[PDB]
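Just the one chain here, laid out as C-alpha cells, in the form deposited in one PDB entry.
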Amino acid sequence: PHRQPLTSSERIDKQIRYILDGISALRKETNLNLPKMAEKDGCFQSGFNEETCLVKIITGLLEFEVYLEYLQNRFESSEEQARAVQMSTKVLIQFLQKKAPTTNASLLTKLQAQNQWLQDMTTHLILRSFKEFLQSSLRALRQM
C-alpha cells in the first residue's frame, strides 16, 4: 500500500502544479479583460492579506471557466488534455472552497465567431493569463 495522505495545502499545491503542467502541455501544443492579480487583492508580499487574496483566487478561477470552455472547441488535436485542464480547475475551485451565466453564453459566441487569427490570439493570451494567475496563486497559497 503506497500513497502518503496529504493536508489541504499540500493537496491544493499539488493541484496547481498539476494545472500549470497541463497548461504548459497546451502552450507547447499550439477586447480581452482577463483576471490579472493586483496589489489591492493582497496576493503579493507588498500589502499581503490571507483573507482578501483567497477571495480573489476563487472569484478569479471562477471567471476563467468560460475561457476554459472556450479552449475546448479550439484544440482539435489535444482534446482530452484541454478537458483535463477544465476539470482540474473545477476540482481546484472545490479545494479552495473548503478552506473558506448567459453573459458567458453571449461572450462565448463573440469569441467563437472571430477569425482564426483573432481566435488564436485569444487562446494564446488566455493560456498566458491563466499561467500568470496560477503561478502567483501557488505563491500566495504557499503562505495562506
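In this text, the rigid core denotes the largest set of C-alpha atoms whose superposition between the two forms falls within 1.5 Å. For every residue, the number given is its place in the sequence shown, counted from 1.
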property	result
Count class of deposited residues lacking coordinates, residue 30 to residue 31	10 or more
Between residue 100 and residue 101 - deposited residues without coordinates, as a size class	10 or more
Segment of higher mean CA temperature factor, 81-89 or 56-64	56-64
Chain third (lowest, middle, highest) by recorded CA B-factor, residue given as residue 94	lowest
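What comes next is about the form solved in complex with a partner chain, which is not displayed.
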item	value
Yes/no, residue 108 Cα shift of 2 Å or more between the shown form and the other one with rigid core fixed	yes
Exceeds or equals 2 Å, Cα of residue 21 between the shown form and the other one, core fit	no
CA of residue 95, rigid core aligned, shift of 2 Å or more between the shown form and the other one	no
Closer or farther in the deposited complex, the Cα atoms of residue 110 and residue 58, when the shift from this form is 3 Å or more	closer
Residue 110 and residue 60, C-alpha gap in the deposited complex relative to this structure (3 Å or more)	closer
